[PDB]
Amino acid sequence: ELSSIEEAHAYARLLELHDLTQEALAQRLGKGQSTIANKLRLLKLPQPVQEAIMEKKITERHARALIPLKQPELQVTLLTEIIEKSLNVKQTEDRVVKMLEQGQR
Amino acid sequence: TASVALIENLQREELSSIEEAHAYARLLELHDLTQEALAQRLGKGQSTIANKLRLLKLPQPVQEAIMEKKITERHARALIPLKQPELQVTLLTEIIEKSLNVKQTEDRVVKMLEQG
DNA sequence: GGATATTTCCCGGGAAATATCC
DNA sequence: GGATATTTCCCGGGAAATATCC
């Protein structure tokens, strides 16, 4: 078993080296393209977030919930709150939508 | 002492809920420890262990379905409320036939307790 | 049009909360 | 009173549904 970030870093290589479609890799791995794509999106998140995934301090779906907050600053601010308050994914997703509303004011 | 490390590895590696339960039982006979202390040693809760040990009381037909990976733990656990083995095995085959999930298996259970 | 990115939410493990037993 | 049995439901993986891209 490995970190979502490290699993993503792996998939990336395999898709470069074996000239596969995400679908064909997922079929080869026993997953869905959905799963693979979503994990590859994590490689675009801030390094501080990525390090928290590797250190097993946040979950995949925790980090994935931050992406909607397109600004790295807002992602890392919440990251530390999720750690501090020990927030779940459900209330992390809730927190996100409230910040996007505050931003649109 | 040696058999301990074996099961710890058979536990660390993936196994059937029935076989995980059969394992726990032995470990509690071998070190004579409390469910709490084993769970703490394994990194689980006593809750989890106790619930898995309850599966060893379910009908053999149900237990075989767990090992053969035809039903889930929570599928078999949902049958226990139906205290009669006959009613548990009747639903077992329906869950297989209709390919029912746990949510609608739990629902089915309550309806049979109302009927009986 | 196929591949890929994104949104939504179904699903059951498994543990917290609880009741019961010894 | 502690251990153990039982009930309840929290939790996030991960894939279906969907939108978007090339």
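In the text below, chain A, chain B and the rest are named by the order of the sequence lines, each starting its count at 1.
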For this session: Would you please confirm or rule out a distance under 4.0 Å between OP1 or OP2 of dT6(D) and any side-chain N or O of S47(B)?
Result: no

Problem set entry | Validation row: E16(A), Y11(A) side chains within 4.5 angstrom (heavy atoms) | no

Exercise. Within this structure, what is the CG-to-P distance between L20(A) and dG2(C), rounded to whole angstrom?
Worked result: 19 Å

Exercise. Base, sugar-phosphate, or nothing for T35(A), non-hydrogen atoms under 4.0 angstrom?
Worked result: base

Seminar exercise, completed: note: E14(B), atom CD; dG14(C), atom P; distance rounded to Å ~ 10 Å

Problem set entry | Interatomic distance, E73(B) CD vs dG12(C) P [rounded to whole Å] | 12 Å

Problem set entry | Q22(A) side chain near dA5(C) phosphate (N/O to OP1/OP2, under 4.0 Å) | yes

Exercise. Looking at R41(A), does any N or O in its side chain come under 4.0 Å of the phosphate oxygens OP1/OP2 on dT6(C)?
Worked result: yes

Exercise. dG14(D) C1' sits how many Å from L42(A) CG, rounded?
Worked result: 13 Å

Seminar exercise, completed: In whole angstroms, the gap separating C1' of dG2(D) from CD of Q40(B) amounts to 15 Å

Exercise. Are the charged groups of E93(A) and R61(A) less than 4.0 angstrom apart, N to O?
Worked result: yes

For this session: May I ask you to verify whether the side chain of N51(B) and the base of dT4(D) hold a donor-acceptor pair under 3.5 Å?
Result: no

Problem set entry | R74(B) CZ - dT6(D) P separation (whole Å) | 16 Å

Exercise. Do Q46(B) side-chain and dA5(D) base share a donor-acceptor contact under 3.5 Å?
Worked result: yes

Exercise. So, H62(A) and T59(A): side-chain donor and acceptor under 3.5 Å apart, yes or no?
Worked result: no

Exercise. Taking only N and O in the side chain of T34(B), is any of them less than 4.0 Å away from OP1 or OP2 of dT4(D)?
Worked result: yes

Problem set entry | No-hydrogen, no-angle side-chain donor-acceptor test under 3.5 Å, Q91(A) and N88(A) | yes

For this session: Take atom CD1 of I49(B) and atom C1' of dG14(C), then tell me their distance rounded to the nearest Å.
Result: 11 Å

Exercise. Using a cut-off of less than 4.0 Å, is there contact between a side-chain N or O of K44(A) and OP1 or OP2 of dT6(C)?
Worked result: yes

For this session: Would you mind pulling out the nucleotide paired to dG14(D), Watson-Crick or G-U wobble, both distances under 3.5 Å?
Result: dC9(C)

Exercise. If you take atom types as modelled and just measure distance, does the side chain of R64(A) reach the base of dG13(D) with a donor-acceptor pair under 3.5 Å?
Worked result: no

Exercise. Should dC21(D) form a Watson-Crick or G-U wobble pair with both distances under 3.5 Å, which nucleotide is its partner?
Worked result: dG2(C)

For this session: Could you tell me whether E84(A) atom CD has more than 12 heavy atoms of other residues or ligands within 6.0 Å of it?
Result: no

Exercise. To the nearest Å, how far apart are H62(A) NE2 and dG14(D) P?
Worked result: 16 Å

